[PDB]
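First the structure, in the form of structure tokens, and then the observations on it.
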Amino acid sequence: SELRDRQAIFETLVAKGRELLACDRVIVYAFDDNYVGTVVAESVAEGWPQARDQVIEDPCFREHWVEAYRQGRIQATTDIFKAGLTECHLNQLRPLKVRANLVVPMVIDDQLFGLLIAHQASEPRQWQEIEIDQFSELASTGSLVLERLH
Ligand SMILES: *[C@H](c1[nH]c(/C=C2\NC(=O)C(CC)=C2C)c(C)c1CCC(=O)O)c1[nH]c(C[C@H]2NC(=O)C(C)=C2[C@@H](*)C)c(C)c1CCC(=O)O
Ligand SMILES: [Cl-]
Ligand SMILES: [Cl-]
Ligand SMILES: [Cl-]
Ligand SMILES: [Cl-]
Ligand SMILES: [Cl-]
Ligand SMILES: [Mg+2]
């Protein structure tokens, strides 16, 4: 079924993603029609909370960024505590443990399905060009598989 096929692909993407970046967490964050995200798959290193199966409503995507991410926007943040974020934003990440993050889009049938997100949990991390390119290509490849499989 479509549901069973998707999950296996999500698991591949998060496993490969964390291997490529050797970071603390990679997730697939999938949007519903409210642009509320669910963590549908996760690969996480020892000692960190499991973000799997969390529903996280963050209005900034629908209110500002969905079309930009469809067009290939990313977020690369070396230190989330120096990114001028509000407490609301910091509060949603604190249960997970995020000190640096890399967010790339998953676009299927010209719509923003979700985001493929990498975390470093306890130290800043400048994401390098080759890492961003690798991770962006992973998410784009996985998205295109999903787009073509059914
Ligand atoms: C936009 C915004 N949110 C996120 C969210 C995440 N980062 C992650 O690692 C994860 C998975 C755990 C999530 C989810 C990102 C990356 C961005 C930036 C998008 C960009 O510019 O590309 C954002 N959301 C908030 C939350 C805040 N705003 C509200 O209205 C309410 C309510 C909030 C608390 C829930 C903030 C402050 C931003 C940044 C400013 C903006 O884009 O509006
Ligand atoms: Cl969903
Ligand atoms: Cl938009
Ligand atoms: Cl744009
Ligand atoms: Cl482009
Ligand atoms: Cl088909
Ligand atoms: Mg199709």
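Out of curiosity, is residue 45 within 19 Å of residue 135 (Cα to Cα) and out of contact with any helix residue (DSSP H, G or I) (no Cβ under 8 Å at 6 or more places or on another chain)? Considered against the rule, which asks whether it is within 19 Å of residue 135 (Cα to Cα) and out of contact with any helix residue (DSSP H, G or I) (no Cβ under 8 Å at 6 or more places or on another chain), residue 45 comes out as no.
Could you tell me whether residue 143 is under 19 Å from residue 20 (Cβ atoms) and either within 16 Å of ligand 2 (Cβ to nearest atom) or in contact with a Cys (Cβ under 7 Å, 6 or more places away or on another chain) (or both)? Yes. Of all the residues in segment 99-144, those that are of a type in the set (A, V, I, L, M, F, W, C) and exposed (fewer than 15 other Cβ atoms within 10 Å of the Cβ) number 2. Restricting attention to segment 67-87, the residues that are touching a residue at least 24 places away in the same chain (Cβ under 8 Å), surrounded by 13 or more Cβ atoms within 10 Å (Cβ to Cβ) and under 22 Å from residue 137 (Cβ atoms) total 8. Total residues in segment 122-150 satisfying the condition of being part of a helix (DSSP H, G or I) and within 16 Å of ligand 7 (Cβ to nearest atom): the figure is 10. The condition of being surrounded by fewer than 17 Cβ atoms within 10 Å (Cβ to Cβ), closer than 16 Å to residue 117 by Cα and of a type in the set (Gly, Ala, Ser) holds for only one of 45, 30, 8, that being 45. Can you pull out every residue in segment 42-99 that is under 22 Å from residue 15 (Cβ atoms), in contact with a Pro (Cβ under 7 Å, 6 or more places away or on another chain) and of a type in the set (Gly, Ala, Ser)? Residues satisfying the conditions do not exist here. When both residues are 6+ apart or on different chains and their Cβ atoms are under 6 Å apart, which pairs have a first residue that lies in segment 31-51 and is within 18 Å of residue 94 (Cβ to Cβ), and a second that is of a type in the set (A, V, I, L, M, F, W, C) and in a loop (DSSP other than H, G, I, E, B)? What qualifies is 39/51; 42/51; 48/121; 49/96; 51/96. Can you go through 58, 24 and tell me which one is among the charged types (D, E, K, R), surrounded by 13 or more Cβ atoms within 10 Å (Cβ to Cβ), within 19 Å of residue 102 (Cβ to Cβ) and within 16 Å of ligand 3 (Cβ to nearest atom)? One residue alone meets the criteria, 58. Selection of segment 112-121 for residues being assigned to a strand (DSSP E or B) and hydrophobic (A, V, I, L, M, F, W, C) yields 112, 113, 115, 116, 117, 118.
Heads up, the Cβs are rebuilt from the backbone with ideal geometry, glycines too, and the neighbour counts pull from every protein chain shown. Only the coordinates and a few stated rules stand behind these numbers; no lab work does.
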